[PDB]
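Letters go in sequence order (proteins before strands), and every chain restarts at 1. For the numbers below, each heavy atom of this structure counts, side chains included, while hydrogens, waters and symmetry mates do not.
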Amino acid sequence: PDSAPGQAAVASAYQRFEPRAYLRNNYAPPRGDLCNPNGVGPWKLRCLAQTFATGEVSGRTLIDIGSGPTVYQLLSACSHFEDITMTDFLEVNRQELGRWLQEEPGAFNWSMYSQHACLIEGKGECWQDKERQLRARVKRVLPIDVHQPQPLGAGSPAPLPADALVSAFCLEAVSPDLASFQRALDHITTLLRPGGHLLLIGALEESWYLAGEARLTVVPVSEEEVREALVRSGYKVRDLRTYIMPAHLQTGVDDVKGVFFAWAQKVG
Amino acid sequence: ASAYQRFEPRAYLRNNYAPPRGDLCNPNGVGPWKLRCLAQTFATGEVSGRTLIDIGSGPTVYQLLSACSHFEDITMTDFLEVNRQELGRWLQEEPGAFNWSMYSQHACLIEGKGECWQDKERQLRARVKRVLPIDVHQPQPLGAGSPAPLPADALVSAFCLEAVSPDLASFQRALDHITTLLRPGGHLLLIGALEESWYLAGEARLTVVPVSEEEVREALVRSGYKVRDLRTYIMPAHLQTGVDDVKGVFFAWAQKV
Ligand SMILES: Nc1ncnc2c1ncn2[C@@H]1O[C@H](CSCC[C@H](N)C(=O)O)[C@@H](O)[C@H]1O
Ligand SMILES: Nc1ncnc2c1ncn2[C@@H]1O[C@H](CSCC[C@H](N)C(=O)O)[C@@H](O)[C@H]1O
Ligand SMILES: Oc1cccc(O)c1
Ligand SMILES: Oc1cccc(O)c1
């Protein structure tokens, strides 16, 4: 039938999305604890650092899809791309990012994440330098809607097509069903050049998460469903790993069972 | 040397461990060079045991960051009470403690074990059992009935001896004194100023004995050490700040025979 109904429920639910609560829920401890090497934060950072460390993912332009109020997903990326586009559906998230870009004190503090990224990249970089570079290389923060065939709109500011895409915890968190998820992946895929790379991180078998007042409906996906959608979109899957959420990190902020990381390269 | 009675801890930490000398971002600065010497030395695995004493800690902890994972019992020392108080403020996470986090981070970075800086800090705090008075001019620097386990398996001392000695001879004697504290076959990590004659600490102006790398070498030998490593950092111009006239910094790894 049609996609409007579910898409409309999603947009409606996000009107209540609270950036600070979401940051607290997922990026403050225990989930944001970077000392525990078995924690989810360290694993996410590690997937990104190792992928970029192959030297196989480079270019001039990078687009981060559904950045929300977070930047950790770009810490290892930023040394490999000189032009970075960050994006989100919600103005309030885009402002949160604005706060970090201006280095305001009222901003969320990512320095543990910056430090940790420096630590595992193994180049002796201080975190203030990593941050300075991320801030310099973010060239724009744009509204985005992945349900649109042109997710950035027509006549986008963004350099297109990009050399690479990053997207963490977006697609499954905004798609009422798997077919919607697939279409979203198809949409963002039009922004990536052939032979370009997508780094996709996401929730496994999740149906809801909390962001303050907002309780959001997530399509629960399996690793295998993630693989097939990537193939369906015209990628070769180069890496797909799974982290199983330990019980102690199951805090009632969501019903997440695990997290996936895909490295995929667009065929062409 | 009652000049040390006017010595202000915060002023000293300010002059030496805040920007520019305390910026650790640039790999060519003195802070990173110092941490590197300590890290690489312990990474060899040849310096180890159970107990370690830090001679003339002042109000600083950076010199034990790499050390702390190799020794379960650590003694810190200084001549000034005010310094011992400043140490205590950091060990006990009290208010207005100096912020060493940048240094903990850099040690974690250099060590390359994937360790978070908070774990590093917690372990150092855990292994420092006591902060004791000391005078290297005394034949028994720690006094007679010290709480400190002796003889130590290892010593560390940074910027103390030359900074408390009017001349080479006094420097040599003080080296003799601290050396009695070290078990035979033990290790000493000595860091110090090269060709320095004064530095400032608030109202205090201290006299320093200017020493050369050769003179440091010979002093260690004279004290019965085998010198396993002696390295020099030349002080770049941008780190010549008005707080002293230091020319360079030396790092020595020495073993008692
Ligand atoms: N239709 C849509 N198209 C693109 N992004 C959307 C969207 N609807 C909601 N979003 C955004 O999807 C995000 C999911 S939270 C993920 C945030 C971040 N990437 C991280 O790694 O933590 C929210 O920021 C939300 O505003
Ligand atoms: N007679 C003495 N015996 C032992 N230490 C002394 C001393 N007189 C002064 N000191 C201490 O020697 C220190 C020199 S500054 C100490 C340097 C510090 N450990 C660092 O690495 O930065 C001061 O803390 C001072 O209080
Ligand atoms: O970072 C996130 C976002 C949404 C669900 C989740 O389990 C984790
Ligand atoms: O850390 C120090 C201590 C004393 C003199 C100096 O130049 C540096």
Does [X], at its [atom1] atom, have more than 12 non-hydrogen atoms belonging to other residues, nucleotides or ligands within less than 6.0 Å?
| X | atom1 | result |
| --- | --- | --- |
| A:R193 | CZ | yes |
| A:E91 | CD | no |
| A:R241 | CZ | no |
| A:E213 | CD | no |

For residues [X] and [Y], determine if any side-chain heavy atom of one lies less than 4.5 Å from a side-chain heavy atom of the other.
| X | Y | result |
| --- | --- | --- |
| B:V61 | B:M76 | yes |
| A:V57 | A:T51 | yes |
| B:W253 | B:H187 | yes |
| B:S69 | B:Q123 | yes |
| A:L48 | A:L75 | no |
| A:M112 | A:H116 | no |
| B:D54 | B:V128 | no |
| A:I63 | A:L142 | no |

Once you round to the nearest 0.5 Å, how far does NZ of A:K130 lie from NZ of A:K123?
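One gets 11.0 Å once the value is rounded to the nearest 0.5 Å.
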Keeping to residues at least two apart or across chains, list the ring-ring contact (aromatic ring centres under 6.0 Å, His included) pairs with something in residues 226-247 of chain A.
A:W43-A:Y243
If we ignore angles and hydrogens, is there a donor and acceptor under 3.5 Å between the side chains of [X] and [Y]?
| X | Y | value |
| --- | --- | --- |
| A:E121 | A:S76 | yes |
| B:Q105 | A:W127 | yes |
| A:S233 | A:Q182 | yes |

When you take the SG atom of each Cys, B:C108 and B:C116, is the space between them under 2.5 Å?
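No.
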Name the residue from B:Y12, B:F98, B:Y103 that meets the side-chain contact (heavy atoms from CB on, under 4.5 Å) definition with B:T60.
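Of the listed options, the one satisfying the test is B:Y12.
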Checking the side chain of A:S58 only, and the main-chain atoms of A:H80 only, is there a donor and an acceptor separated by less than 3.5 Å?
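Between the backbone of A:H80 and the side chain of A:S58 there is a qualifying donor-acceptor contact (under 3.5 Å).
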Do the side chain of A:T87 and the main chain of A:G66 share a donor and acceptor less than 3.5 angstrom apart?
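Yes; judged by distance alone, with no hydrogens or angles, the pair exists.
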Just checking A:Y72 against A:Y27, ring centres under 6.0 Å apart?
yes
Identify the heavy atoms of [X] and [Y] that sit nearest to each other, and give their distance.
| X | Y | result |
| --- | --- | --- |
| A:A168 | A:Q73 | CB-CB, 4.4 Å |
| A:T61 | A:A162 | OG1-CA, 3.3 Å |
| B:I74 | B:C68 | CD1-CA, 3.8 Å |

Checking A:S175 now: which residues fulfil side-chain contact (heavy atoms from CB on, under 4.5 Å) with it, not counting sequence neighbours?
A:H147, A:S180, A:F181, A:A184, A:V219
Results of side-chain contact (heavy atoms from CB on, under 4.5 Å) for A:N93 - residues two or more places apart only:
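side-chain contact (heavy atoms from CB on, under 4.5 Å) check on A:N93 returns A:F17, A:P19, A:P69, A:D88, A:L90.
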Any carboxylate oxygen within less than 4.0 angstrom of a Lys/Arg side-chain nitrogen, looking at A:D129 and A:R132?
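Looking at A:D129 and A:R132, the cut-off is met.
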For the pair B:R89 and B:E86, find out whether any cationic side-chain nitrogen is under 4.0 Å from an anionic carboxylate oxygen.
yes
